[PDB]
Structure formats: C-alpha cells, structure tokens
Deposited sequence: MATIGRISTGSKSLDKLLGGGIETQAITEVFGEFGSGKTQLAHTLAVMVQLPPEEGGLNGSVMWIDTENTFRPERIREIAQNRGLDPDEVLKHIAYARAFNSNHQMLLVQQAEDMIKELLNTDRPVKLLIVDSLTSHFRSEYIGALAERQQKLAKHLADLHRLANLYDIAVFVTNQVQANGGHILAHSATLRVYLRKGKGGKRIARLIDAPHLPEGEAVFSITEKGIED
C-alpha cells in the first residue's frame, strides 16, 4: 500500500511531519506530564475520520488506554469543531482499557481480529493509539530493567507488524521527565519530543525546525 498521512490538525506540526503521521509507521510522542500527548491522540482519533481532502483517511480507530485518560466528551468537542458528527466519530473508535502490561500485550493481538474484520470495508482501521505505551511496563518492572526491555521489545515488534501488514498508523505516547528516559530508544519509526512553551503554546521537535501549536476546541491548531 502507499503511505497514508493523517493530519494532526496543525499546519505547523503537519509540515514538520511531512504531511501528518504516516501509516505503516509507529510515531512515538514523548514529553513531560501535561505536555499535550493525550490531546494529540484525541485530535488524531478525529482527524483520521475525515476524507483525504481534509487530511484524513476515512479511517476507523482502535485505542488502548492504560491511564484512564480517554475522554469521549473531548472527542465530541473536537469532532463538532471539525465539522463531523460526534456520534459517528465515537462509533468508529474501538476502546479498551489495559489492566496491566500483560493485558496490554494481549489487547494488541485482539486488535488484529477487528483490523481484519474491517480491512475490506469503507472504514478500515487506520489508527491504533496506545496511551500510555510505557506506564505499566515502568511500574511493573522497577529494578528489573533487562526484563522490562525484553517485554517492551516484543510489544513494539507486535505493533510494527500491525502497522506494516495492515497499513495502519500506530501512535504511542511515552511520559518522560526528570532523570527519566530510555525513551523507546530507536524502536519507533519516528520520535517527536513535545513540550510546553510560554503562554500555553506547545512545541514539537523531531528527535533523530520546531512546530508550535495550541490546544483548542478543534483539538490542536496553529
């Protein structure tokens, strides 16, 4: 398949990304608590449902939530301010809460079943969100870094296989602050560092110019 792109909602961020986040790729956004990673996830879950003329892929979404941070009311707001019907937008987001890192890994295998079911339809899965990808692994493997890296590596390999096999954009978040970070090392297709700037602006930079945007009723925008 050709590489599809999903607009982030921000022209600035889209330019930095070459048009938007790519299908057949894992995009990892990392930064401190409160930097806006989950807001970007919510925005992408709406944008992907637009037609290509508006920066979407007419796509369905699957969302694995590890921190109980998914907010349907926020999806509704973004959808209503992106000219979409909020009920339709929510009906095309499949949502699951991961109880722990092992359940998170099983949910990726489960996601493949729904991906296959929708593959030949007019609303194939085009976006798989894992927010947060690392939080359970970090808490469960304190003092056991080598084992943590083994499990994360298999999890990321599973996500890669889905991205490439089914032409999906995988978008993952990773909280990194004071003294923290192996990030996801070199595993993601693309690493985006997100931070707060003056006056509530958010700033994004590719790791391996900078885009600037705001969090608004449209999700994010210039």
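Trainee: Take the full deposited sequence, match it to the modelled residues, and report the stretches without C-alphas.
Mentor: According to the record, the gaps fall at 1, 210-215.
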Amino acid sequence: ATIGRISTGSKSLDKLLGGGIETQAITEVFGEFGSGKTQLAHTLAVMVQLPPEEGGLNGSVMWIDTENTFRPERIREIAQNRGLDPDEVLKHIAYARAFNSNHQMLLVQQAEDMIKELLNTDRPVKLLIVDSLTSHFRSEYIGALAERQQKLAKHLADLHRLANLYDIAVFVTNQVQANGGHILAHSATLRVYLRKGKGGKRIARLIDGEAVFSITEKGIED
From here on, numbers count along this sequence of modelled residues.
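Here, rigid core means the biggest group of C-alpha atoms that superpose within 1.5 Å across both forms.
Trainee: Say the other structures are aligned on the rigid core; which stretch then has the higher CA RMS in 8 other deposited structures of this protein, 181-189 or 167-175?
Mentor: Farther on average in 8 other deposited structures of this protein: 181-189.
Trainee: As stated in the PDB record, which stretch has the larger average Cα B-factor, 175-183 or 29-37?
Mentor: Per the PDB entry, the higher value belongs to 175-183.
Trainee: 42-50 versus 187-195: which one carries the higher mean Cα B factor per the record?
Mentor: According to the PDB entry, the answer is 187-195.
Trainee: For the C-alpha B-factor as written in the entry, point me to the maximum among 75, 144, 115, 127.
Mentor: 144 has the highest C-alpha B-factor of those listed.
Trainee: Sorting the chain's CA B-factors, does residue 210 end up in the lowest, middle or highest third?
Mentor: For residue 210, whose C-alpha B-factor we compare with every modelled residue in the chain, the answer is the middle third.
Trainee: Thinking about Cα B factors across the chain, which third does residue 138 belong to?
Mentor: For residue 138, the deposited C-alpha B-factor lands in the middle third.
Trainee: Rank-wise, by C-alpha B-factor, drop residue 103 into the lowest, middle or highest third of its chain.
Mentor: CA B-factor rank for residue 103: lowest third.
Trainee: Would you mind checking where the Cα B-factor of residue 79 ranks among the modelled residues of its chain, as the lowest, middle or highest third?
Mentor: Bottom third by C-alpha B-factor.
Trainee: Should residue 148 be placed in the lowest, middle or highest third of its chain by the C-alpha B factor in the entry?
Mentor: Tercile = highest for this residue's CA B-factor.
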